[PDB]
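Chemist: My structure is below; once you've seen it, I'll send some questions.
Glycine gets a Cβ as well: all are built from the backbone with ideal geometry, and neighbour counts include every protein chain shown. Just so you know, all these numbers are worked out from the coordinates, no wet-lab data involved.
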Amino acid sequence: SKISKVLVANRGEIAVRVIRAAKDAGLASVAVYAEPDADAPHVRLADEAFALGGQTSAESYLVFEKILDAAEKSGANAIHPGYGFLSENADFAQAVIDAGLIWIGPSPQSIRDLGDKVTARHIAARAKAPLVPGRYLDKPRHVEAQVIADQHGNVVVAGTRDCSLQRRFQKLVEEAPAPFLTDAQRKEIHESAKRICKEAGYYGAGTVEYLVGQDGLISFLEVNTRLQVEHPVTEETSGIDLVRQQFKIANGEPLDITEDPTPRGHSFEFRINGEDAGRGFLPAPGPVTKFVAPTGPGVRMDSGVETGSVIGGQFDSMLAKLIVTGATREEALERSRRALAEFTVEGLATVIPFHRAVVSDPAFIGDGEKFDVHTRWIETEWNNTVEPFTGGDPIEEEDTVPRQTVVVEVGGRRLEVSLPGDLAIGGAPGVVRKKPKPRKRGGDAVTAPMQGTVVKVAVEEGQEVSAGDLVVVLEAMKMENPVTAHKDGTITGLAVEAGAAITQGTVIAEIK
Amino acid sequence: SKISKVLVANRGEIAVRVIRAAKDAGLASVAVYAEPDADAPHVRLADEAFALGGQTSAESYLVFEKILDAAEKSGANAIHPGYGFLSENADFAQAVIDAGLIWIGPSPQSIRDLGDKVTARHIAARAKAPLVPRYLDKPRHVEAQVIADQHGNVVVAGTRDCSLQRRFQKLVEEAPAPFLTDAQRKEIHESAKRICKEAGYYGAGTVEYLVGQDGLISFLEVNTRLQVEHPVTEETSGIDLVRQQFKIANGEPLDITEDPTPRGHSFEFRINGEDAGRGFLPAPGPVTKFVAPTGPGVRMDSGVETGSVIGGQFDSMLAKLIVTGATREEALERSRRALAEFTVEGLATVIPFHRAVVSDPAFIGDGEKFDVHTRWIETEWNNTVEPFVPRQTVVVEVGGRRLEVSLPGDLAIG
Amino acid sequence: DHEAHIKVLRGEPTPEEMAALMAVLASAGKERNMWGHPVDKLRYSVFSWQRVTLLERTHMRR
């Protein structure tokens, strides 16, 4: 049936994006929020919002019954799952369709068929996708084809994205159209994606991921069965609003676009993670005490956060996404070098300094016919000059002296000058300055090094452990953090249990 | 002859836009500010900034002495005007050329000849421009974006519709100009080429026409500047018009050989600090809050931010909201979102008027035509908008120069 | 070196502007006598603890 009210079963930037697409469609939008998100922007931006009443991602978002109950109470007639969480849970998609809501996404069966790796391998075989021969690869590029697929089986390849900047298996910077490809490689990627999706019976928004070797051989990787995070570069390079296309397809209306849009311009997306690139991109909680977006020519910016937001250890680190676009890849890089220099975020560590570097690094600029970047490039070849985040903390003796910041006019030049409060130049009740100690401690207690949740308990009470044995794995920021026994002894107390939330400094167990 | 450092002679939105274009080109950007603007976004964003002093345009941005002096003190090699102020002062343009700075703009002779309707009308007739035969009762205002070349090439980046006007001040702008017939479009394009080529026009400028209910085109004017509503043409055609101004001032021949086909449709909405409930009088005051509409299909160019103070010393305009889509209706939908998200506090704005007109059948149209005319906001729009310390200074001599110095009078140290 | 130095955070003054700036900034900017100290003028109860914690403390603190 017709979509009328969409429950956006997700959070942050993708929640915002689907709310906005709903409003453009003139649909009603219903948000859901966990307790950490009760103040989040999307709760206000949505036309209505329902509390999931949960402290953690499992009990709040991931339990099907709470989303179906929210849908019931709101009278939402469609569900859009965004990405992650339940957007790939075929059993949830089934439960939605059983409830009779318009599930804005691919069929539960095609989600399963493309989710099973062996089944998907058989699908790619029948489809005669360019599978790799068999072969190990040295330094492949990563290329995605965007699929728009009709319920009537019409399919267009909206374009391609290169996403080779991935740290550990998580894309960080992406570009559209995929540069430095032969038209034969484009032909292959395009028509392979068409074939693959219809052999899967696919419909909705989708994406096929390809892995391209330095020999130039394309290989298929997998189909993600949902709207990508990076879709914005495809929207900024193709005359397409992909979320509205996805609404139309969930309506079952035919594709208005009959043939692959001509890629025009070049568009980069940079993921603004709350991760400190100066400390191996480890994610950390913290307030966003200031947020000031780049604006103006060739800039778009989608954010799940604003000044005064708080980010806690329960959810993914991605704050926002910056998209920068121009007539040519060189022009788009120039505009990127503007926008990332205008971007100021304060209160927590962000990867913005990594973006500033990589958009300035010859390995990524390239020679005009290829670039050097590949899936492991950040992990192994990027010269990490970024100093660790320290924020406003004083850390050296000279920092403890208060300063007064003044604006000085000198021959008409405008200067900003920061003057110490005790400055002697030109000529105390026993005041002393010395280097402040940082806030860092260093028994039997094993204590949680950060706030998070207890995904695994590795021990039973009365178990003998030795130094270095695993005690628990915490999840923080959706990231695994083992905690291990600091000395030998019998595990006792063991106050945690699996699934519990745990605050920093909590005693996990004590070793005697 | 090659631009290296640009002094941006204007304030606000165009100041920021040119600073950004320069930073994209990697040119050094030098801003100038009057006393009211001493911490404005452009002042802090520019790579260098110089105090003009004075409290009004006549004391400041208009003083040829001060702008040329600032250019010298900066060691600028080019001057870029915005819109307004000295952007069409031929005498100033000549003074800049005498200074030998690259005037990023049309040649003084062109400014002078096109600045007189008599001389300009003569030129138009010589060019065989479409000309009014009568008075147009309810004309639709349409203009063409010229990108001329010092070598005499010309590209027409597109037609642009500006028919939502008040007191001859534009309020909402569109590209490409909608519902024009192909014949009208061709006439306009070829006429903009003819008229500006006859004028000898060096670079960027807007050729403006009136269109009547009969659909006859009449030439109106040539405005010899990158007019404020350029962004809709930028978002439709993809020509970075300011960087084209840089190339033309370099005298490089155009990269663009043929008029770019418009990709889609785009609207611009001027966020004037004017209260439609009092009939668009200025409302000076603080911009106590400024949350920009954000994300898909939306661009903001702004001269204000939270905590800025606005006064009648300068024009009421605060920002341009630009919204883009594949179609007229899609772009209207996106605008009906963006203008709802746009939250301003502490002073009145035309935002409610924009929300109305983007909702109004006269502006939606029927798919073949629409009813707006240059007077329609005045004569025919149903207005339903509910009415809404000093500086110390020291004059120092230094072995090569005099230097006045200025400090906050509350400065204390040690 | 751990002295708090002057920082020019924004812009770049040429040497002559530096010298003008610095010259203008350079331009601008315990004998005990307890006789009749207020604490002596106060009148204390003979058993008042303030004779320790105020009077004597005030006299002795040097």
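Chemist: Please work out which residue is nearest to the other protein chains (Cβ to nearest Cβ), limiting yourself to the range B:280-310 and to residues that are over 20 Å from the mean Cα position of the chain (by Cα) and under 23 Å from B:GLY84 (Cβ atoms).
Modeler: In this case the residue turns out to be B:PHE290.
Chemist: State whether the residues of the range B:285-292 include one that is crowded, with 17+ Cβ neighbours inside 10 Å and more than 30 Å from A:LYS290 (Cβ to Cβ).
Modeler: no
Chemist: Against the conditions (1) of a type in the set (S, T, N, Q); (2) within 18 Å of the chain's Cα centre (by Cα); (3) outside any helix (DSSP H, G or I), where does B:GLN55 fall short? Just the number, please.
Modeler: All conditions are met except number (2).
Chemist: On to the next question. Against the condition more than 30 Å from B:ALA49 (Cα to Cα), of a type outside the set (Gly, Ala, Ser) and either surrounded by 13 or more Cβ atoms within 10 Å (Cβ to Cβ) or touching an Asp or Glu at 6+ places or on another chain (Cβ under 6 Å) (or both), how does C:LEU55 come out, does it pass?
Modeler: For C:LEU55, the condition - more than 30 Å from B:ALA49 (Cα to Cα), of a type outside the set (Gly, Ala, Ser) and either surrounded by 13 or more Cβ atoms within 10 Å (Cβ to Cβ) or touching an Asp or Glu at 6+ places or on another chain (Cβ under 6 Å) (or both) - is met.
Chemist: Here's something else I'd like to know. Which of the residues spanning the range B:384-395 are more than 9 Å from chain A (Cβ to nearest Cβ) and touching a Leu at 6+ places or on another chain (Cβ under 9 Å)?
Modeler: Listed by number, the residues that qualify are B:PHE388, B:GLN392, B:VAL394, B:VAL395.
Chemist: With the checklist (1) away from every other protein chain (no Cβ under 14 Å); (2) buried (at least 22 other Cβ atoms within 10 Å of the Cβ) in hand, flag the one item B:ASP315 doesn't pass.
Modeler: Of everything listed in (1) away from every other protein chain (no Cβ under 14 Å); (2) buried (at least 22 other Cβ atoms within 10 Å of the Cβ), B:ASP315 misses just condition (2).
Chemist: Please state which of the following conditions A:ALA357 fails to meet, knowing it meets all the rest: (1) exposed (fewer than 15 other Cβ atoms within 10 Å of the Cβ); (2) of a type in the set (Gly, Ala, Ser); (3) in a helix (DSSP H, G or I).
Modeler: Only one criterion in (1) exposed (fewer than 15 other Cβ atoms within 10 Å of the Cβ); (2) of a type in the set (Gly, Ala, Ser); (3) in a helix (DSSP H, G or I) is unmet by A:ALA357, namely (1).
Chemist: Hey, can you tell me all the residues within the range A:328-354 that are part of a loop (DSSP other than H, G, I, E, B), in contact with a helix residue (DSSP H, G or I) (Cβ under 6 Å, 6 or more places away or on another chain) and not β-branched (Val, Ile, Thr)?
Modeler: Of everything in the range A:328-354, just one residue is part of a loop (DSSP other than H, G, I, E, B), in contact with a helix residue (DSSP H, G or I) (Cβ under 6 Å, 6 or more places away or on another chain) and not β-branched (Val, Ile, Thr), namely A:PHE343.
Chemist: Take the residues of the range B:86-107 that are among the β-branched types (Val, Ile, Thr) and under 22 Å from the mean Cα position of the chain (by Cα): which is surrounded by the fewest Cβ atoms within 10 Å (Cβ to Cβ)?
Modeler: Selected residue: B:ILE102.
Chemist: If A:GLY412 satisfies all but one of (1) exposed (fewer than 15 other Cβ atoms within 10 Å of the Cβ); (2) under 30 Å from B:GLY53 (Cα atoms); (3) not polar (S, T, N, Q), what's the number of the condition it fails?
Modeler: Result: A:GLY412 fails condition (1) only.
Chemist: Right, another one. List the number of the failed condition for B:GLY264; all other conditions in (1) closer than 23 Å to B:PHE314 by Cβ; (2) in contact with a strand residue (DSSP E or B) (Cβ under 7 Å, 6 or more places away or on another chain); (3) surrounded by fewer than 23 Cβ atoms within 10 Å (Cβ to Cβ) hold.
Modeler: That leaves (1) as the condition not met.
Chemist: Spot the failing condition for A:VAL401; the list is (1) touching an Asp or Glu at 6+ places or on another chain (Cβ under 8 Å); (2) away from chain C (no Cβ under 14 Å), and only one is missed.
Modeler: Status for A:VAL401: all satisfied but (2).
Chemist: Then there's this: Please find, within the range A:261-279, the residue that is farthest from A:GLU330 (Cα to Cα) out of those that are within 14 Å of chain B (Cβ to nearest Cβ) and among the polar types (S, T, N, Q).
Modeler: Step by step, filter the range A:261-279, then rank; the result is A:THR262.
Chemist: Which condition number in (1) within 21 Å of B:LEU403 (Cβ to Cβ); (2) more than 10 Å from every other protein chain (Cβ to nearest Cβ); (3) buried (at least 24 other Cβ atoms within 10 Å of the Cβ) is the one that B:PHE50 fails?
Modeler: (2)
Chemist: Name the single residue that is farthest from A:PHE281 (Cα to Cα) among those in the range A:463-478 being surrounded by fewer than 18 Cβ atoms within 10 Å (Cβ to Cβ) and acidic (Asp, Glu).
Modeler: Once the filter is applied, the top-ranked residue is A:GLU464.
Chemist: Then there is this: Name the residues in the range A:127-170 that are under 17 Å from A:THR380 (Cβ atoms) and assigned to a loop (DSSP other than H, G, I, E, B), would you?
Modeler: Scanning the range A:127-170 gives A:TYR136, A:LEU137, A:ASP138, A:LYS139, A:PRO140, A:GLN166, A:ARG167, A:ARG168, A:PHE169, A:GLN170.
Chemist: In the range B:373-380, is there at least one residue being at negative phi, among the aliphatic types (A, V, I, L, M), more than 14 Å from chain A (Cβ to nearest Cβ) and in a helix (DSSP H, G or I)?
Modeler: yes
Chemist: Okay, next question. In the range A:230-253, what residues are surrounded by fewer than 21 Cβ atoms within 10 Å (Cβ to Cβ) and touching a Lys or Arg at 6+ places or on another chain (Cβ under 8 Å)?
Modeler: Once the filter is applied, which keeps residues that are surrounded by fewer than 21 Cβ atoms within 10 Å (Cβ to Cβ) and touching a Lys or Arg at 6+ places or on another chain (Cβ under 8 Å), the range A:230-253 yields A:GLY239, A:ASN251.
Chemist: Inspect the range A:416-427 for any residue being within 14 Å of another protein chain (Cβ to nearest Cβ) and closer than 24 Å to A:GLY278 by Cβ and give the result as yes or no.
Modeler: yes
Chemist: Within the range B:15-26, how many residues are more than 10 Å from every other protein chain (Cβ to nearest Cβ) and out of contact with any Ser or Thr (no Cβ under 9 Å at 6 or more places or on another chain)?
Modeler: Final tally of qualifying residues: 1.
Chemist: Which numbered condition in (1) part of a loop (DSSP other than H, G, I, E, B); (2) more than 30 Å from the chain's Cα centre (by Cα); (3) surrounded by 10 or more Cβ atoms within 10 Å (Cβ to Cβ) is the only one that C:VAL46 fails?
Modeler: Among (1) part of a loop (DSSP other than H, G, I, E, B); (2) more than 30 Å from the chain's Cα centre (by Cα); (3) surrounded by 10 or more Cβ atoms within 10 Å (Cβ to Cβ), the lone unmet condition for C:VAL46 is (3).
Chemist: Within the range A:318-354, how many residues are crowded, with 22+ Cβ neighbours inside 10 Å, more than 14 Å from chain B (Cβ to nearest Cβ) and of a type in the set (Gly, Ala, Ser)?
Modeler: 1
Chemist: Okay, next question. Give the range C:27-43 a look and list any residue that's surrounded by 11 or more Cβ atoms within 10 Å (Cβ to Cβ) and either in a loop (DSSP other than H, G, I, E, B) or within 21 Å of the chain's Cα centre (by Cα) (or both), or say none.
Modeler: C:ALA28, C:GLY29, C:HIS37, C:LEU42 - these are the residues of the range C:27-43 that are surrounded by 11 or more Cβ atoms within 10 Å (Cβ to Cβ) and either in a loop (DSSP other than H, G, I, E, B) or within 21 Å of the chain's Cα centre (by Cα) (or both).
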